[PDB]
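Now for the letters of each chain:
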Amino acid sequence: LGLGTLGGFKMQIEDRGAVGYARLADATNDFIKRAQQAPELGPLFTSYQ
Amino acid sequence: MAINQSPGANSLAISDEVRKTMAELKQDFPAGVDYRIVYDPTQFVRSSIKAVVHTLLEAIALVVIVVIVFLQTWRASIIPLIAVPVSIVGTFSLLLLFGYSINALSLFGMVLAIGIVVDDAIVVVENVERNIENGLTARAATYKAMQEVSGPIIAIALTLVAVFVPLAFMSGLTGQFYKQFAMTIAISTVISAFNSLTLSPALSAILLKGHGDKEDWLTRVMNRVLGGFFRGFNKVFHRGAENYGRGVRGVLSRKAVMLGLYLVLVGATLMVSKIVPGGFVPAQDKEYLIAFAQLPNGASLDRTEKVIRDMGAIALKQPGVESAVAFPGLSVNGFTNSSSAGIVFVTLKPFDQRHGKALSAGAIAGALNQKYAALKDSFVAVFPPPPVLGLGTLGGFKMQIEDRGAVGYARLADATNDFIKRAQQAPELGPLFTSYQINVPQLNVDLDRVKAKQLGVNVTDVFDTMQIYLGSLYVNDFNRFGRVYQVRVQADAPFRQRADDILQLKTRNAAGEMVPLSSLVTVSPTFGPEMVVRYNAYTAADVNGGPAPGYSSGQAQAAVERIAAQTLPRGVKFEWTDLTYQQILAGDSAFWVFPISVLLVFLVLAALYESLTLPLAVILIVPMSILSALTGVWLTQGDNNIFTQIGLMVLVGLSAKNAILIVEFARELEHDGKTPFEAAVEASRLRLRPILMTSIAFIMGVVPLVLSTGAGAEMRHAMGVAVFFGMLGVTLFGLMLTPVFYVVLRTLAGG
Amino acid sequence: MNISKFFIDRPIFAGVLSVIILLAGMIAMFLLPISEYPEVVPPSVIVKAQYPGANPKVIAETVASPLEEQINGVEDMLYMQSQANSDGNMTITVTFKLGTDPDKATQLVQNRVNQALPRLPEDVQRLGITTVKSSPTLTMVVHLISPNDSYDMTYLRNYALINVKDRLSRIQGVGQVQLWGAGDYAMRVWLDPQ
Amino acid sequence: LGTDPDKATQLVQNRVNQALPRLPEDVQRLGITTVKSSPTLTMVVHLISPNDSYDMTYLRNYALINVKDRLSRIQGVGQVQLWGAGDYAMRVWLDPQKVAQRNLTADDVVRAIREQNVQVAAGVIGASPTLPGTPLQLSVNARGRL
Amino acid sequence: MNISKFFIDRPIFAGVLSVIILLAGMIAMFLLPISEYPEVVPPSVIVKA
Amino acid sequence: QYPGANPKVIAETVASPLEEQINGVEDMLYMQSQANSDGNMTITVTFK
Ligand SMILES: CCCCCCCCCCCCO[C@@H]1O[C@H](CO)[C@@H](O[C@H]2O[C@H](CO)[C@@H](O)[C@H](O)[C@H]2O)[C@H](O)[C@H]1O
Ligand SMILES: CCCCCCCCCCCCO[C@@H]1O[C@H](CO)[C@@H](O[C@H]2O[C@H](CO)[C@@H](O)[C@H](O)[C@H]2O)[C@H](O)[C@H]1O
Ligand SMILES: CCCCCCCCCCCCO[C@@H]1O[C@H](CO)[C@@H](O[C@H]2O[C@H](CO)[C@@H](O)[C@H](O)[C@H]2O)[C@H](O)[C@H]1O
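This entry, as listed in the PDB, derives from X-ray crystallography and reports a resolution of 3.00 Å.

With the PDB entry as reference, chain C is termed Efflux pump membrane transporter, source organism Burkholderia pseudomallei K96243.

The name the PDB entry assigns to chain B is Efflux pump membrane transporter, from the organism Burkholderia pseudomallei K96243. Entered under Sequence similarities (unreviewed entry) in the UniProt record, the comment concerning chain B runs "Belongs to the resistance-nodulation-cell division (RND) (TC 2.A.6) family." Turning to chain B, the UniProt annotation filed under Subcellular location (unreviewed entry) states: "Cell inner membrane".

Written out as structure tokens, the structure reads:
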């Protein structure tokens, strides 16, 4: 209890430059789509709504 | 941005990481924003590390040279070559275990320890080689030499621990420094002893050539290339050995005259101990100066920023100066904010850089003080930085005169100026200065309370108007880039620059009428303090002063204490507060540290010799090395600072080692049926060579620290000549006096 | 006495011991603290409070004085001094006996300060009081600079605060990052009292 | 037994701090204190008036002002505790008949004391930022507390 | 199975060990905590209001 | 708790000042705040 799928990573996209919550979601969705276009990662899910 | 490290941190790791982070962040800097590493004092410890590393290599090379000259086998020199690094490098692990650190003091401890570790290796390899020169084989001569010295090796380790480890148990700041020196040396001593019993003899058994078995690859060439030098040095060394034997015989004949000279020299040791002025931690160029600006009391910060900029520009035109780090508004009293004061930290170019003779930290500071003297809007003085950041005064006092009886700011100020006024008479005390100021201009505002309440005006309304307009109330927070930032309202700049701007402020009465404070308040000029300092919950005024460094602190503090008992009015007492209050708490351990350590060394020696008198033959020799060292510092007119004291301690240790082996050799010769006279002479002759080997190794190490002009060679030569004289005396007194003591104590053993 | 016999006959055993001695020494060399001097300055706790506009006497007696009443008598306290300035800042330095643990002292001083805290004026409470262990060891000084005056002191401090300070503060043995300079950004409302 | 007194005090202090906002306002204003019990009594020293010249509250105040903190700074002394009369206070003893005579509530007089016994942040003249070559920075003094 | 042989023959060594024991005890005598009892009352914390 | 307050309002007027003060505690690995629509605010500070 306390490990969270250890054969995996977790990361943080941070709004450091006053972009919007909406523009922040835009950045994360561009990142997820581009990470699907790189053939080295698996499925990337978020909980950001 | 001041980055401050945690206890047990790595200055070097932090500094490199800061520089790497800054280089990464500068890539996001908007054009017109930059960074500068203004002051990076970790470079100091870095040079100290190089200081050790280089000094170690020099020393290893030196001992090899000495061994090649005396023992004339390149194979014998591998014994120090491996033993010394193993001991020194190994020290770090025990240093870690005891939660010590690599600081400048402990590195200096290591450089002094290099001498003791090198002496250990010389003693073991010279003994084995001497037995071999008596025709034994490597294995057999190693056995015999180790039976000769392994007992003394353990006893000298214990004696060195007994000298040094008690020092680590002192109290206060002195104790905290000695702790580093002594723990480092003690660890190295124990490790070197262990190597002296296991690794050095095993190496010399497997590497020293016995009679026969010569030439192999390098020995033949070495003899070919250096045979003339070998033969000449052997000739002169032979000559010196027999003249020394004659000298020992002469002194042993006039043993009573020798004792007389020794009593004279003990007196001279006391005299030179009291003639050389005491010190604690010498002044080091820390690569910056601190210029202070104090304008006339109550001056505005804009006036101060102009004075500070002028000072900075002046410094920037001064040679050797690298930067002007300026803070208009920064007060020396507490690093708090004052309108009329400011600081410029003048950083200097690197010491090896174009700092020359006339371009030094003291010279730069004197020039800046002269030029700043022609800034007449302010008092300016540029001062040298503290040697250790956090303690300051370095042989001076500071105390707090306290108003314990509600005597008021004014009467307390009168009392403190009266104290300064009686104390500058003549008790050797110096320029006692204070920082307690109660004549900064101010404004007094009188509120007619009844008149306000008759006008329908609330007294809280009057004060709230004064605060919000003149003192700027903080209202609530507002959000910007998700972060909070404080809205603050205040009267505008034009409306508060000026006393009667108070009078134009209007509150409102209960009726709704704007009443101006011109009609309910009076504004008058007055004087007050800018900073109230309350020490130990008492409003207090500091005074600091002291005697010159060739005077101590206790007599000065007795003078101030007497003066205060004479001068302080009713209800105004005083307390000490800093290094002086901390010392006053300390029971001066030293009065028990040195007796305990001499008693411990006596006991260790007593066990080794099974004699109650032979330990004296060692102990009675140690005052002389003190004399040798102190006259050295006296001949350069330096001071007895803690660095030179730990040097003094290692010198007493070295002299004790030499004496212990001389005496133990004489004892075993006497147990072989020799009269004390011939036992003393034969032992002294036997031990002469290794003692000379160590002495010569040190003196050749001292030669480069004397021929180093133009460089950072103030402290190099400063401890250089001290070590030359300390070595000369250690050797001379040991060889000329330990035989005398042995025979005297030995013929005062029974009957 | 032949304590050396066993090794004279076994040079490899003796070498193995010294190589172990050496290896441990090199390991510790790369694990030790590095610093210019040891911990020599007695530890202290620092309490900071603003009372903007209040005279240093008002700050001394209605802000600093109650806090000292609560702080006074904390265990292992060597001495204490408060300092109130005309710019409205109040700073108490409680110095503890050498060898006190800085963290235990700060926790004691924090408790005392909390006991006193409701005794402070509302404005001093609203701005907040802070109690921190002083980290006396200065590693290095980094300045942000505007070399062509593009940006001003408050801008530079704000930049340091937003992008720079925390990266530095996270390094490893860095105990404190202290900014010295102009004030941070604020919304100022400058009344024309007329 | 054997729990560490200082950590235990720290834990209880954290918990009491959590509880604090649930307390009535008045208990908050007077304050809470959380302190480790130091059970080991070394000695008890009395302040005394041997001919009744000074009373218990004077004596306790004197202990508080002059004696307690010095004794508490002796090495190994963990706590000095005063046992006796209350510390000094400015007491206003209301005559409720008279207070009603002027048609006033006790609430009203308490508000008057809060209004008229209060420090003032009187401000600073010529403080930064200022426009011209304003020569001085003058702080303002004004009697607020009685 | 007896060590004392070594010390019978070297009385000064035996004395040195014992005098060191004595000296250690004297130093400690002047460093020890002194009270009528040990810490037997369980520690307690007190909150006042 | 900040009952009724919007998660953005909680994140910006509650979480943000608390984290600006918490920021820089010794040996702090990282921190996360989480504001929920039911009015709750939760900060987790993970240490070394
Ligand atoms: C044989 C005698 C030897 C005498 C030894 C004297 C003590 C030597 C101390 C060894 C250093 C231990 O501490 C270690 O220092 C190094 C640099 O040396 C620091 O290193 C840091 O600074 C250097 C600067 O050049 C960088 O290249 C490196 O990447 C960085 O991490 C390490 O982070 C730290 O772990
Ligand atoms: C910090 C507190 C430390 C407390 C302990 C102090 C003890 C100090 C120990 C020093 C070592 C003593 O070690 C002792 O050395 C002497 C050398 O004089 C040896 O004795 C030697 O002298 C005798 C003379 O009769 C010779 O005949 C013999 O061949 C030789 O070995 C002992 O056999 C050895 O045991
Ligand atoms: C391998 C060998 C190691 C050698 C070890 C040498 C250790 C020497 C330790 C010296 C200790 C100095 O430390 C100091 O000791 C003295 C001894 O009483 C104490 O001093 C105390 O002694 C007196 C005796 O009347 C008391 O009345 C007084 O209250 C106090 O001053 C200090 O509180 C302690 O700090």
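Resuming the write-up.
Turning to the overall build of chain B, a few remarks are in order. The secondary structure content of chain B amounts to 21 helices and 19 strands. A compact globule built from 751 residues would reach a C-alpha radius of gyration of about 27 Å, whereas chain B, at 35 Å, exceeds it by more than 25%. Along the first, second and third principal axes, the C-alpha set of chain B runs to 120 × 65 × 45 Å. The buried share among the 751 residues of chain B stands at 53%. Long-range contacts, defined here as pairs at least 24 residues apart, represent 76% of the contacts in chain B between residues at least 6 apart. Here chain B displays about 32,500 Å² of accessible surface, and carbon together with sulfur accounts for 60% of that area.

Moving on: the arrangement of the chains. There are nine pairs of chains in contact here; the most contacts are made by chains B and C. Over all C-alpha pairs, chain C and chain E never come within contact, reaching a minimum spacing of 11 Å.

Let us look at the pairing of strand β5 (residues 337-348) of chain B. Residues and elements named next belong to chain B. For β5, a buried count of eleven out of twelve residues is recorded, marking the element as mostly surrounded by other parts of the structure. Where strand β3 (residues 288-294) and β5 come together, seven bridges link them in antiparallel fashion. What sits directly across from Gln294, in β5, is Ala341. One ladder, built from eight bridges, connects strand β4 (residues 321-330) with β5; its direction is antiparallel. Bridge pairing links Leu330 to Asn337 in β5. With antiparallel pairing between neighbouring strands as the criterion, β4 and β5 make up a hairpin whose turn holds six residues, including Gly334 at a positive phi of roughly 100°.

The next point concerns the site of ligand 3. Near ligand 3, the surroundings consist of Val161, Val165, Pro166, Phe169, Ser589 and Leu600 of chain B together with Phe30 and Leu31 of chain E. Around ligand 3, the neighbouring residues derive from chains B and E rather than from a single chain. Considered on its own, ligand 3 offers 800 Å² of accessible surface; in the complex 46% of this is hidden by protein. Of the residues assigned to the shell around ligand 3, the class counts are seven nonpolar, one polar and no charged.

Reading the values: the criteria
- Residue labels here follow a simple count from 1 along each chain's written sequence instead of the entry's numbering, which may differ, and residues missing coordinates are not shown.
- Going through the entries in the order they are written, you letter the chains from A and number the ligands from 1.
- Each value listed here was derived from the chains shown, which are themselves a piece of a larger assembly.
- Think of the side-chain values as coming from all heavy atoms in the structure, minus any hydrogens and water.
- UniProt positions are given in the numbering used here, feature names are shortened, and annotations may be inferred rather than shown by experiment.
- Numbering of helices and strands runs from the N terminus; a helix is a DSSP stretch of H or I covering at least four residues, while a strand is a stretch of E covering at least two.
- Computation of the radius of gyration draws on C-alpha atoms alone. For the globule rule, the value is 2.2 Å times the number of residues to the power 0.38.
- Buried residues are those whose accessible area, probed at 1.4 Å on protein chains only, stays under 20% of the maximum for their type, while exposed residues exceed 50% and partly exposed ones sit between those limits.
- Any two residues having at least one pair of non-hydrogen atoms within 4.5 Å are treated as being in contact.
- All accessible areas in this document rest on Shrake-Rupley with a 1.4 Å probe, and a residue is counted as covered only by the protein chains that are shown.
- Strand pairing is defined by DSSP finding a minimum of two bridges between the two strands.
- For this description, a residue counts as near a given molecule or strand if any of its non-hydrogen atoms is within 4 Å of it.
- The classification used treats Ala, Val, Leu, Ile, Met, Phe, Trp, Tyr, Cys and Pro as nonpolar, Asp, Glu, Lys and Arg as charged, and all other residues, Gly among them, as polar.

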